[PDB]
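Residue numbers 2 to 347, 374 to 620, 629 to 777, in the authors' numbering, belong to the letters of the sequence shown in order. A short worksheet on the structure shown next.
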Amino acid sequence: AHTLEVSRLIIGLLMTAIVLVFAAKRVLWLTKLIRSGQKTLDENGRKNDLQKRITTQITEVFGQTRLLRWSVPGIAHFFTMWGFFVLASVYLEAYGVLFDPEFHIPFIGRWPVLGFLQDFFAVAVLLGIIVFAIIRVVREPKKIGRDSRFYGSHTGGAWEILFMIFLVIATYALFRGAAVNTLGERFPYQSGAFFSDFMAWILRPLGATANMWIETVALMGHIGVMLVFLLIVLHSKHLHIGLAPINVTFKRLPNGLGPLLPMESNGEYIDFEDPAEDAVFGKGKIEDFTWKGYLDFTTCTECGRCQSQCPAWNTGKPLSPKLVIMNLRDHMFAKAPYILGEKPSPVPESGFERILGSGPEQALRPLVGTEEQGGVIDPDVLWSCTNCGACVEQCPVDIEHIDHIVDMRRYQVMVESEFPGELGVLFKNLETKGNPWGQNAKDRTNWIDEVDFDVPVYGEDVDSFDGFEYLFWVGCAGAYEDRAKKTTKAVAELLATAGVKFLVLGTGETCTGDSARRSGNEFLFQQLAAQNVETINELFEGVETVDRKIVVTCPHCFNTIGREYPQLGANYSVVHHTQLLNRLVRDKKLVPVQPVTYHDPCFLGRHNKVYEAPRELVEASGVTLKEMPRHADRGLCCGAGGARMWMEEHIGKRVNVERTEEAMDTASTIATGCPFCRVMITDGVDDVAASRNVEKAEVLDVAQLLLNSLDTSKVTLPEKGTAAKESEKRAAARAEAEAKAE
Ligand code: HEM
Ligand SMILES: CCCCCCCCCCCCO[C@@H]1O[C@H](CO)[C@@H](O[C@H]2O[C@H](CO)[C@@H](O)[C@H](O)[C@H]2O)[C@H](O)[C@H]1O
Ligand code: SF4
Ligand code: SF4
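Below, the structure is given as structure tokens:
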């Protein structure tokens, strides 16, 4: 009897002490690795607005708002997660019982309610394991292939952890029954605890004689399994247990979408007019990723939520947001001895596994390189991204895939000088003519000559911004592209009908650089953005920050002029034409008098969270809006973002074709909100219709749908030169008033 009395403590304590040495030896090692990355300046090192960071950390972690969006797995994880917190109380009882069998949680160790929660969660976690187990059996990668949410994931490590949770419950159940039989009335939860009472009933026949050994065997298993399970987690892909709460603390706010962060080197922003000799552009090796970058890599849960939504992955291309993180994460660990200084420096779509081990070959691999180069990330993976944002919008742990993808592009374009040959034409056209098409700058104001109403042009006829409300910014697409130019005229006509006083910079405009920045060429973007910020700033001289209004017809201008120029000192209030037109129809300025489908632009919908305004215009125009199977924040890319408009799709199905086939199945009329969405979808309709041998679907812009519904017969738009005459009158009147006074 006494042998079991003391043996419980002798085995229990040494197991804890021995394991905590190994467990604590790796916690320092992981910390020594995650903190070995480059430091960060963004948001004061991801520390500004601290109070709001824990506010989202608690809501996203404990509330699981970010995670419950996927119903079946999120709900199961909710009980799996909260169970761990509750079962933590059990381990306190188990450890204390070693010192004395009468031990119980002093303050609450006999409260009947706490027993119900432990028992309720003791089986709720069991369901969580089953629900997770069923999903992987149904979605088996070997049975489904690339369509599987778990393709490329390490299935071996996922089942290993699920098995250990089962043992913890199985050992937990055995202890509860054994404890009741041995302790009897002295058992802490003598009342309630149905799951603990249930076990005692089945274990009762063995009697107190047998259960004396069962309790000790069960207990040592409960502590032993946990300690053995603790070591597995630290050395397994399950690291998101402790890192996930931290990766959400330092998350990019409000989300990992929107503007592209300025480049920094070793904790300092790069001065592009005087970059330092040691300045590093982009990220050409795993050591260039910041300490936050390493945290993202290790926090990946390999859930595949991002992968199931990637336009590139689902159209047959090697790119996968999951595998990019996994390949970077695995490369990070494989190269760890060289990063930490321990050694002196010397599935087919998963690029890391091309070179394995931590030998010298791992240290010499390019971060981005073809198979013959052994690179971790194939160039087709890197250049297949469209910057749609489906991965970032979907990550429960806020990994910000786009930041890593375009930070690697920055190295290729700006340092390595390697990029698809189709971007070479883009950069030469932008840097010589100011537009990606390479057309003459003098032809920018041609679209003004093709309309029959007055569109004042700053510098050309009107000398100042006085008396005007909005700067209408067209962009290269709205001035040079035949189909996009159609929308620009419609928007200008709508504003004139609504009476909004506006002007256009005309030939003083140049490319914003959204394609230039997201292709990785930030030398070009800073060269183009600086010209636009300076050009616009002169227009708004003497204009209060509130009145510095801009209206754009492209989500990319909306995203760049509004969110990325402020990094250069801008304070512009830019609004997409759908928002401006929506509140004009709201304000009864515009009076509109079979089904239609709307394609959400990823830079309008997903990045800038503009969903209701474009759809209200569609409804206000009298047509019936039919949502696609994939729409709103789960919309699909047409393949135009991230400079993919200028490259060519060699691999797999064409993204615009996949979207168009879905769009045409929904309705025969498609409404878009971007110059590039219209071009891609319109081109896709030509391919899809020809393949299907059916009449082409009508692709229009939400501005054109609104205009067609207006009864413009009663409206007389301003005659050409009307704004010029007013400018002369105001200028002449002011001159006369001052001349006659002085
Ligand atoms: C705090 C205790 C936690 C426990 C005990 C726990 C446990 C688990 C386990 C065992 C899985 C495997 C699911 C499967 O194999 O299908 C899982 C999945 C996951 N966990 Fe946790 N986790 C915890 C914390 C967190 C937190 C705070 C987050 C924050 C986002 C998180 C995010 C995820 C995600 C995204 C998945 C993937 C779910 C899926 O594949 O559908 N975990 N968790
Ligand atoms: C069961 C799983 C167990 C997981 C075990 C491993 C845990 C790893 C913990 C490390 C977490 C990252 O820890 C993070 O490190 C960074 C990098 O220095 C610190 O960063 C801090 O110092 C750096 C420089 O040293 C500054 O640039 C930064 O502005 C400042 O915040 C963060 O304050 C800290 O939050
Ligand atoms: S990157 Fe995020 S969404 Fe994708 S598998 Fe990893 S944890 Fe899941
Ligand atoms: S941004 Fe879109 S295309 Fe790029 S990796 Fe993420 S999901 Fe794929």
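By construction, the Cβ of each residue, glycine as well, lies at the ideal position given by its N, Cα and C atoms.
Sequence-distant residues of the same chain with beta carbon closer than 6 Å to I12, five excluded per side: By 1-based counting over the sequence shown, the position of residue 12 is 11. For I12, where only same-chain residues beyond five positions count, the Cβ hits under 6 Å are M221.
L51 beta carbon near ligand 2 (any heavy atom closer than 6 Å): Walking along the sequence shown from the start, residue 51 turns up at place 50. Because no heavy atom of ligand 2 lies under 6 Å away, the Cβ of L51 does not count as near it: no.
Nonlocal neighbours in the same chain, by C-beta distance under 6 Å from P483, ignoring five residues either side: Here residue 483 corresponds to residue number 456 of the sequence shown, with the count starting at 1. Hits under 6 Å: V489, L530, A758.
Beta-carbon proximity list for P387, same chain, < 8 Å, skipping 5 on both sides: Translated into positions along the sequence shown, residue 387 becomes position 360. So the qualifying residues of the chain are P347.
DSSP state of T524 mapped onto helix, strand, coil: Taking the sequence shown and counting its residues from 1, one reaches residue 524 at position 497. Here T524 sits in helix by DSSP.
Contacting residues, own chain, Cβ-Cβ under 6 Å from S600 (five flanking each side not counted): Indexing the sequence shown from 1 puts residue 600 at position 573. Closer than 6 Å at Cβ, skipping near neighbours: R575, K576.
Secondary structure of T539, DSSP reduced to three states: Position 512 of the sequence shown, counted from the first residue, corresponds to residue 539. Three-state DSSP puts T539 in coil, outside helix and strand.
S90, enclosing alpha helix (DSSP H) - first and last residue: On the sequence shown, residue 90 is found 89 positions in, with the first residue counted as 1. Counting along the chain, the alpha helix (DSSP H) containing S90 begins and ends at 72-100.
Whether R713 touches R510 by CB criterion (7 Å): Translated into the one-based positions of the sequence shown, residue 713 becomes position 678. Translated into the one-based positions of the sequence shown, residue 510 becomes position 483. Yes.
Beta-ladder partner(s) of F529, from DSSP: Walking along the sequence shown from the start, residue 529 turns up at place 502. DSSP output for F529 lists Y497 as bridge partner(s).
Cβ contact (3+ pairs, closer than 8 Å) linking the region 684-698 and the region 651-658: no
Closer than 6 Å: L184 CB and nearest ligand 2 heavy atom: Position 183 of the sequence shown, counted from the first residue, corresponds to residue 184. Incorrect: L184 has no Cβ contact closer than 6 Å to ligand 2.
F117 versus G285: straight-line alpha-carbon distance, rounded: Counting from one through the sequence shown, the residue named residue 117 turns up at place 116. Counting from one through the sequence shown, the residue named residue 285 turns up at place 284. Straight-line Cα distance between these residues: approximately 54 Å.
Alpha carbon of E730 to alpha carbon of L595, nearest angstrom: Residue mapping note: residue 730 aligns to position 695 of the sequence shown, counting from 1. Residue mapping note: residue 595 aligns to position 568 of the sequence shown, counting from 1. Cα-Cα distance, rounded: 48 Å.
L240 Cβ short of 6 Å to ligand 2 heavy atom set: For the purposes of this step, residue 240 is taken as residue 239 along the sequence shown, with counting starting at 1. Yes.
Ligand 6 heavy atom lying under 6 Å from the CB of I404: Within the structure as shown, ligand 6 is missing, the only ligands being ligand 1, ligand 2, ligand 3 and ligand 4.
Proximity winner among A180, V645, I686, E733, relative to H105 (alpha-carbon distances): Along the sequence shown, one-based indexing puts residue 105 at 104. Among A180, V645, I686, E733, the Cα nearest to that of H105 belongs to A180.
Ligand 2 site residues, beta-carbon cut 7 Å against heavy atoms: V28, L31, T32, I35, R36, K40, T41, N45, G46, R47, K48, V234, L235, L240, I242, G243, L244, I247, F251, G268, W292, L296
Spatially closest choice to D407 from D425, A468, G317, by CA coordinates: Stepping through the sequence shown from its first residue, residue 407 is reached at position 380. Ranking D425, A468, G317 by Cα distance to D407 puts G317 first.
Cβ distance (whole Å) where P255 is taken to contact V62 below 8 Å: To locate residue 255, count along the sequence shown from 1; it is residue 254. To locate residue 62, count along the sequence shown from 1; it is residue 61. Not really, about 17 Å apart at Cβ, beyond 8 Å.
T41 - partner residues in DSSP beta bridges: For the purposes of this step, residue 41 is identified with residue 40 of the sequence shown, where counting begins at 1. According to DSSP, which records beta bridges pairwise, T41 is partnered with nothing at all.
Any 3 or more C-beta pairs closer than 8 Å across the region 192-211 and the region 111-127: yes
Candidates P102, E487, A201, of which the one nearest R177 by Cα: Translated into the one-based positions of the sequence shown, residue 177 becomes position 176. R177 has its Cα closest to that of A201, out of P102, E487, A201.
Enclosing alpha helix (DSSP H) for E61 [first to last residue]: Taking the first residue of the sequence shown as position 1, residue 61 is located at position 60. Per DSSP, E61 belongs to the alpha helix (DSSP H) from 51-62.
Residue range of the beta strand (DSSP E) that includes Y633: By one-based count along the sequence shown, residue 633 stands at place 598. Its beta strand (DSSP E) spans residues 630-633.
Test item: CB-CB of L228 and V98 under 7 Å: Along the sequence shown, one-based indexing puts residue 228 at 227. Along the sequence shown, one-based indexing puts residue 98 at 97. Not a contact, by the Cβ cut-off of 7 Å.
Contact set for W474: own chain, Cβ-Cβ below 8 Å, skip 5 residues either direction: Residue numbering aside, residue 474 sits at position 447 when the sequence shown is read from its first letter. Taken in chain order, the residues that qualify are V501, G505, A506, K512, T515, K516.
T707: first and last residue of the uninterrupted beta strand (DSSP E) it sits in: Locating residue 707 in the sequence shown gives position 672, where the first residue counts as 1. Its beta strand (DSSP E) spans residues 704-707.
Own chain partners of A525 with C-beta closer than 7 Å, once the 5 adjacent residues on each side are dropped: By one-based count along the sequence shown, residue 525 stands at place 498. Around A525: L611, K616, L617.
Nearest residue (CA-CA) to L93, options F108, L324, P393: On the sequence shown, position 92 is the one that residue 93 refers to. That would be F108, whose Cα lies nearest to the Cα of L93.
Residue nearest to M663 in terms of C-alpha spacing, selected from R641, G342, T701: Looking up residue 663 in the sequence shown gives position 628. The shortest Cα separation from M663 among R641, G342, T701 belongs to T701.
Helix, strand or coil at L324 [DSSP, three-state]: Stepping through the sequence shown from its first residue, residue 324 is reached at position 323. Helix, per DSSP.
Endpoints, the alpha helix (DSSP H) within which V132 is located: Within the sequence shown, the letter at position 131 stands for residue 132. Per DSSP, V132 belongs to the alpha helix (DSSP H) from 113-139.
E561 - DSSP class collapsed to helix/strand/coil: Counting from one through the sequence shown, the residue named residue 561 turns up at place 534. Three-state result, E561: helix.
Near ligand 4: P319 beta-carbon under 6 Å from a heavy atom: Numbered from its first residue, the sequence shown carries residue 319 at position 318. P319 Cβ: outside cutoff for every heavy atom of ligand 4.
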